[PDB]
Amino acid sequence: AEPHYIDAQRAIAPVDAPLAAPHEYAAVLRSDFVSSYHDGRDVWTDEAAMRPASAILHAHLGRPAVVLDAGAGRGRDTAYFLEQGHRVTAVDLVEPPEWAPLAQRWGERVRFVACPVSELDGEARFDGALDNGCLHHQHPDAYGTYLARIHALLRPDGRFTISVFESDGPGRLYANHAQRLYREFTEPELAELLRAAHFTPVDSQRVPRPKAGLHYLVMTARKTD
Ligand SMILES: Nc1ncnc2c1ncn2[C@@H]1O[C@H](CSCC[C@H](N)C(=O)O)[C@@H](O)[C@H]1O
């Protein structure tokens, strides 16, 4: 494992020290994201390779439905889902200004919550859920609880689409300069993670990131019976 650029601006380096505890890490996570959005360093928002994941989830729903956007950022995917007729709940640690014009355009069809995914209450509220680059930044000890919340929030026939950084070789854990964690996955590794979280993968796509010279891995799953 060697340091490498993960996006236009950020080089990430393999973690070699003991990780910050999950409680401390939550603050590191919020701090980096709020600074990045404030500064306009959210280079993911306008990356063209980020657009296929939402269309993939819609294809697996096939109808207007109720969709959770977990880690929704500025709302690009939320707008995409609303344009298909979905009702959407968008959740993020950081509330950006762009949620207001979206609320104006879509009214009661969109709901926004500026909270961690883990704070979402309820069960069986959504037909679909999209994680477009959120899970792969969580503390590894929090993957299970994060995915279990998604799993519980989905209805029995729910679909979950997740996009992560694709690894070249066995996936490793890295950190950016602000100490945000980045996990890259192989397809077997991501499938194994989902199966352990009681999801059964039904599709997976390697989405090129041409300007970054990398790929996203976009996997869709149902609940395991
Ligand atoms: N535990 C958590 N709960 C809610 N949002 C989180 C989170 N951890 C990270 N995030 C948010 O996850 C997003 C990852 S960046 C991707 C943003 C958006 N999905 C897009 O497609 O552009 C950031 O907006 C970050 O603030």
Side-chain angles (χ1 to χ4, degrees), residues 7 9-10 20-47 50-51 53-54 57 65-84 86-155 158 160-164 175-176 178-183:
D7 68 28
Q9 291 179 357
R10 298 169 179 82
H23 179 258
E24 279 78 3
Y25 180 67
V28 174
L29 185 62
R30 151 85 192 175
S31 182
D32 183 30
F33 277 112
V34 71
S35 178
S36 295
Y37 282 113
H38 174 87
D39 289 345
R41 294 183 294 106
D42 55 306
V43 298
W44 50 88
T45 299
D46 298 316
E47 181 186 14
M50 290 288 288
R51 302 192 199 169
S54 56
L57 178 58
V66 186
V67 175
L68 172 64
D69 193 350
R74 296 200 191 276
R76 186 194 66 255
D77 294 335
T78 284
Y80 186 86
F81 291 132
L82 293 159
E83 293 202 321
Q84 319 309 320
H86 298 297
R87 289 178 176 277
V88 181
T89 296
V91 175
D92 202 286
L93 294 178
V94 176
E95 175 160 358
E98 285 77 13
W99 289 4
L102 280 176
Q104 300 315 317
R105 172 67 183 86
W106 297 103
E108 291 182 353
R109 307 194 65 87
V110 67
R111 299 174 177 179
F112 289 103
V113 197
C115 69
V117 164
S118 69
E119 191 199 307
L120 278 182
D121 294 330
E123 288 182 347
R125 299 209 286 119
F126 296 98
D127 305 297
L130 176 69
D131 181 307
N132 198 358
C134 183
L135 181 280
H136 60 197
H137 296 309
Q138 305 311 296
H139 193 288
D141 294 341
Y143 289 173
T145 52
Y146 182 99
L147 293 169
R149 189 89 291 269
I150 299 304
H151 193 278
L153 286 164
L154 285 166
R155 286 163 178 171
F160 176 40
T161 293
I162 178 168
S163 176
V164 303
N176 72 13
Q179 306 294 90
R180 189 208 314 178
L181 295 172
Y182 290 65
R183 171 64 192 276

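The residues of the chain are indexed from 1 along the displayed sequence. As a basis for the values below, the full set of heavy atoms in this structure was taken, side chains included, without hydrogen atoms, waters or symmetry mates.
- No side-chain heavy atom of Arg125 sits less than 4.5 Å from a side-chain heavy atom of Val66.
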Check your understanding: Would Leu57 and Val67 count as a side-chain contact (heavy atoms from CB on, under 4.5 Å) if you check the C-alpha gap in whole Å, the side-chain angles of each, and the deciding distance to 0.1 Å?
Key -> CA-CA 9 Å; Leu57 178 58; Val67 175; 4.1 Å; yes
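- Counting all heavy atoms, side chain and backbone alike, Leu68 lies closest to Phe126 at N-CD2, 3.5 Å.
- Contact of the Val43 side chain with the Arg10 side chain is registered, since non-hydrogen atoms from C-beta on lie closer than 4.5 Å.
- Side-chain contact between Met50 and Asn132 is present, with heavy atoms from C-beta onward closer than 4.5 Å.
- Minimum heavy-atom separation, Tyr146 to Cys134: OH-SG, 3.3 Å.
- Pairing each heavy atom of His136 with each of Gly133, the nearest pair is NE2-O, 3.1 Å.
- Looking at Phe160 and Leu154, their side chains come closer than 4.5 Å, going by heavy atoms from C-beta outward.
- Panel note: side chain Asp39, backbone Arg41; no donor-acceptor pair is recorded below 3.5 Å.
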Practice item. Start with the C-alpha distance between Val91 and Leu120, add both sets of side-chain angles, then the distance that settles side-chain contact (heavy atoms from CB on, under 4.5 Å), and finish with yes or no. Key: CA-CA 8 Å; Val91 175; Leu120 278 182; 3.7 Å; yes
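- The closest side-chain donor-acceptor pair between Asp141 and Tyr25, if any, does not fall under 3.5 angstrom.
- A side-chain donor from one of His137 and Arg180 sits under 3.5 Å from a side-chain acceptor of the other.
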Point to revise | side-chain contact (heavy atoms from CB on, under 4.5 Å) between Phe81 and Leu130, worked out | key: CA-CA 10 Å; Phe81 291 132; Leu130 176 69; 3.7 Å; yes
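- Here the closest non-hydrogen pair linking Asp69 and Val88 is CB-CG1, 4.4 Å.
- With a 6.0 Å radius and a threshold of 12 heavy atoms from other residues, nucleotides or ligands, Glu123 has its CD atom at or below the threshold.
- Under a 3.5 Å cut-off, the side chain of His139 and the backbone N or O of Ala20 do form a donor-acceptor pair.
- Side-chain atoms of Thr45 and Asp42 include a donor-acceptor pair closer than 3.5 Å.
- Remark: the backbone N or O of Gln179 is not paired with any side-chain donor or acceptor of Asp32 at under 3.5 angstrom.
- Taking CG from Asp77 and CG from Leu82, the interatomic distance works out to 11.0 Å, rounded to the nearest 0.5 Å.
- Using a 4.5 Å heavy-atom threshold, the side chains of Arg74 and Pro96 count as touching.
- With hydrogens and angles ignored, the 3.5 Å screen pairs no side-chain donor or acceptor of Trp99 with any backbone N or O of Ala90.
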For residues 102-117, which side-chain donor-acceptor pairs fall under 3.5 Å, sequence neighbours excluded?
from, atom 1, to, atom 2, distance (Å)
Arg109, NH2, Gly85, O, 2.8

One pair to check against ring-ring contact (aromatic ring centres under 6.0 Å, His included): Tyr182 and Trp44. What are the steps and the verdict?
CA-CA 14 Å; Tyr182 290 65; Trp44 50 88; 8.8 Å; no
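- For the pair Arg51 and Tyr80, the cation-pi test (distance below 6.0 Å, angle within 45°) is failed.
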Note to self: Using side-chain contact (heavy atoms from CB on, under 4.5 Å), reason through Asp131 and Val164 one step at a time and then give a plain yes or no.
What the structure shows: CA-CA 9 Å; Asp131 181 307; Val164 303; 6.0 Å; no
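- When all heavy atoms are compared, the tightest approach of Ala178 to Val28 is O-CG1, 3.5 Å.
- For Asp92 (side chain) and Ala72 (main-chain N/O), a donor-acceptor pair under 3.5 Å exists by modelled atom type.
- We find the CG-CG distance between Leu29 and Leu181 to be 8.5 Å, quoted to the nearest 0.5 Å.
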